[PDB]
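**Q** Take a look at the following structure, please.
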Amino acid sequence: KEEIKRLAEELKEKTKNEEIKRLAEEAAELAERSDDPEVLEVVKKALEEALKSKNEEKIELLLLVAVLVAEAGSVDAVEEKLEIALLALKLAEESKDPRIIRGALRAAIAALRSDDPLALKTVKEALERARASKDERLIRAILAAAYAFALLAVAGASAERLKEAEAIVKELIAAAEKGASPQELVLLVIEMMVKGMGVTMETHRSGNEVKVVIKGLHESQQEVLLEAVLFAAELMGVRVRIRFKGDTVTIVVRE
Amino acid sequence: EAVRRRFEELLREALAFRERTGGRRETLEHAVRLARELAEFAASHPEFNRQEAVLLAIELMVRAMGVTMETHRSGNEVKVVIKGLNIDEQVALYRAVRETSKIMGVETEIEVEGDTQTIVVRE
């Protein structure tokens with residue numbers, strides 16, 4: 001059938017990104033090899049969407065959709081992965097809050113880049129519950145905890161530690177729907193990263209601010225905590241003050 | 001002084017990559033590689049001071065991202081206050097400061113709050 005390559009090559013010259021240039025070629029190579037009428041329909045569609053978008057995340061998540069469909073050969077094998085992006089991409093057209101659009105896309109991309117079944121399972125469930133509610137503070141809270149739980153799977157936590165973190169994701173959504181403050185919703189993401197990475201913490205509640213002390217984090221792990229705490233704190237509108245010193249991370253959470 | 005000529009060369013490569021890609025995350029992960037590529041060149045120069053080597057890694061990332069900085073020197077402590085960073089830039093800045101300091105072998109006390117990241121370089 002062809003006609004896919006020229007759509008994928010036009011994205012390569014249009015974009016300035018390097019990952020877009022690499023995945024677009026990778027999609028044109030893998031789709032040419034597959035012969036499924038359902039797959040060449042998705043790949044062709046995903047490319048036409050990326051050509052219209054000015055968003056490097058929207059283009060990246062659409063490309064990573066055509067790649068993971070053509071490389072899988074069939075559409076039934078990536079039926080969940082497809083809905084994970086299809087929900088996150090849906091959650092971008094409707095919502096107008098830049099926090100939600102950037103959050104929902106990075107959360108899907110991190111989950112699709114990971115392979116953990118418990119990670120993709122948690123993300124689809126989280127995006128179903130986010131797309132349902134019309135509450136903005138809940139959608140911004142589900143995405144904070146989802147993207148933080150995806151970065152644990154990208155960093156490669158153990159099977160029994162992601163389990164502990166998954167229960168925390170479940171407690172965060174439950175507390176967000178019951179109306180917990182954005183401060184405590186941040187402290188549940190810190191606890192997810194603490195439990196997720198197998199450390200402990202102390203909680204000082206003095207006045208209107210919370211102090212958390214974490215010890216035993218390798219520099220590769222402090223980078224994941226900082227990214228997860230800064231991103232979730234931005235989705236809640238909450239001031240954080242993180243101070244590093246060796247293996248000790250100190251977090252000061254203000255509203 | 002040959003470390004300085006390697007610095008100026010990596011700085012052209014850092015500013016040029018800021019124009020070509022213009023992506024809020026591809027330039028960062030690239031520029032961090034350049035900051036560590038500078039730390040590697042100065043790690044095998046026993047003449048070069050280990051603090052000033054990290055400072056040039058910091059100054060390399062500051063211009064790669066487009067923010068400003070102020071150098072406060074107090075004996076053996078050099079405090080660098082960097083202002084105007086978002087989330088992607090601070091995660092990219094902290095990675096570059098963690099690895100270049102690990103390579104030079106200096107302790108760094110980094111404090112992040114809002115859009116400002118404060119780095120202390122002892123030895």
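Naming scheme: A, B, ... for chains in displayed order of the structure tokens; residues 1 onward per chain; ligands 1 onward as shown.
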Where does DSSP see strand (DSSP E or B) in region 33-117 of chain B, if you list the residues as a list in words?

**A**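 Strand (DSSP E or B) assignments inside region 33-117 of chain B correspond to residues 68, 69, 70, 71, 72, 73, 74, 77, 78, 79, 80, 81, 82, 83, 108, 109, 110, 111, 112, 113, 116 and 117 of chain B.
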
**Q** Within 8 Å of chain B, which residues belong to chain A? Use only C-alpha atoms and report them as a ChimeraX atom specification.

**A** /A:16-18,56,219,223,226-227,230-231,239-246

**Q** In Å, rounded to a single decimal, give me how far CA of residue 153 (chain A) is from CA of residue 83 (chain A).

**A**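 Taking CA of residue 83 (chain A) as the start and CA of residue 153 (chain A) as the end point, the length is 18.8 Å.
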
**Q** Please report the interatomic distance between CA of residue 59 (chain B) and CA of residue 11 (chain B) in Å with one decimal.

**A**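 Atom-to-atom, CA of residue 59 (chain B) and CA of residue 11 (chain B) are spaced 9.3 Å apart.
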
**Q** Return the single residue from A:79, A:177, A:115, A:19 that is closest to residue 30 (chain B), with distances computed using only C-alpha atoms.

**A** A:19

**Q** Which polymer residues have any atom within 8 Å of an atom of residue 211 (chain A), counting only C-alpha atoms, with same-chain residues fewer than 4 positions away left out, as an MDAnalysis selection string?

**A** chainID A and resid 202:205 250:253

**Q** What's the 9 Å shell around residue 176 (chain A), counting only C-alpha atoms, without same-chain residues fewer than 2 positions away, as number ranges by chain?

**A** A: 137-138, 141-142, 171-174, 178-182, 185

**Q** Taking into account only C-alpha atoms, which residue in the set A:32, A:224, A:159, A:47 is nearest to residue 12 (chain A)?

**A** A:47

**Q** I'd like the neighbourhood of residue 73 (chain B) as a list in words, where a residue qualifies if any of its atoms comes within 12 Å (using only C-alpha atoms), though same-chain residues fewer than 6 positions away should be ignored.

**A** residues 51, 52, 55, 79, 80, 81, 119, 120, 121 and 122 of chain B

**Q** Would you write out those residues with C-alpha atoms, as an mmCIF file, in the first residue's frame?

**A**
data_model
loop_
_atom_site.group_PDB
_atom_site.id
_atom_site.type_symbol
_atom_site.label_atom_id
_atom_site.label_comp_id
_atom_site.auth_asym_id
_atom_site.auth_seq_id
_atom_site.Cartn_x
_atom_site.Cartn_y
_atom_site.Cartn_z
ATOM 1 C CA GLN B 51 36.320 23.598 42.126
ATOM 2 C CA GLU B 52 36.846 25.933 39.165
ATOM 3 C CA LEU B 55 32.112 26.120 38.049
ATOM 4 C CA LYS B 79 28.171 29.641 46.039
ATOM 5 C CA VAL B 80 26.411 29.865 42.668
ATOM 6 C CA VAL B 81 22.863 31.227 42.677
ATOM 7 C CA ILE B 119 24.939 25.258 44.443
ATOM 8 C CA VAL B 120 27.863 25.208 46.887
ATOM 9 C CA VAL B 121 31.201 23.817 45.700
ATOM 10 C CA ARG B 122 33.703 22.844 48.407
#

**Q** Would you mind telling me which residue in B:44, B:77, B:9, B:18 lies nearest to residue 123 (chain B) when using only C-alpha atoms?

**A**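 Counting only C-alpha atoms, the residue closest to residue 123 (chain B) is B:77.
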
**Q** With a distance cut-off of 12 Å and only C-alpha atoms, select the neighbouring residues of residue 14 (chain A), excluding the residue or stretch itself and same-chain residues fewer than 4 positions from it, and output the selection as an mmCIF file with C-alpha atoms, in the first residue's frame.

**A**
data_model
loop_
_atom_site.group_PDB
_atom_site.id
_atom_site.type_symbol
_atom_site.label_atom_id
_atom_site.label_comp_id
_atom_site.auth_asym_id
_atom_site.auth_seq_id
_atom_site.Cartn_x
_atom_site.Cartn_y
_atom_site.Cartn_z
ATOM 1 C CA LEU A 7 3.890 11.180 5.511
ATOM 2 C CA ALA A 8 6.612 10.084 7.944
ATOM 3 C CA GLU A 9 9.439 11.751 6.028
ATOM 4 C CA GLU A 10 7.628 15.100 5.960
ATOM 5 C CA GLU A 18 15.912 14.465 17.228
ATOM 6 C CA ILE A 20 10.852 12.783 16.510
ATOM 7 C CA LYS A 21 13.299 12.377 13.630
ATOM 8 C CA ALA A 24 9.310 8.789 12.477
ATOM 9 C CA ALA A 50 1.653 14.705 14.348
ATOM 10 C CA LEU A 51 2.017 16.842 11.201
ATOM 11 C CA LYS A 52 -0.755 19.158 12.394
ATOM 12 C CA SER A 53 0.478 19.493 15.990
ATOM 13 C CA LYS A 54 2.928 22.143 17.185
ATOM 14 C CA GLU A 56 6.643 18.119 20.765
ATOM 15 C CA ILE A 59 3.950 14.444 18.311
ATOM 16 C CA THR B 21 16.493 21.876 18.204
#

**Q** Choose the residue, out of B:3, B:104, B:66, B:116, that has the smallest atom-to-atom separation from residue 50 (chain B); count only C-alpha atoms.

**A** B:104

**Q** Using only C-alpha atoms, which residue out of B:67, B:16, B:61, B:31 lies closest to residue 83 (chain B)?

**A** B:67

**Q** In Å, with one decimal, what is the gap from CA of residue 88 (chain A) to CA of residue 89 (chain B)?

**A**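 Here the two named atoms are 24.0 Å from each other.
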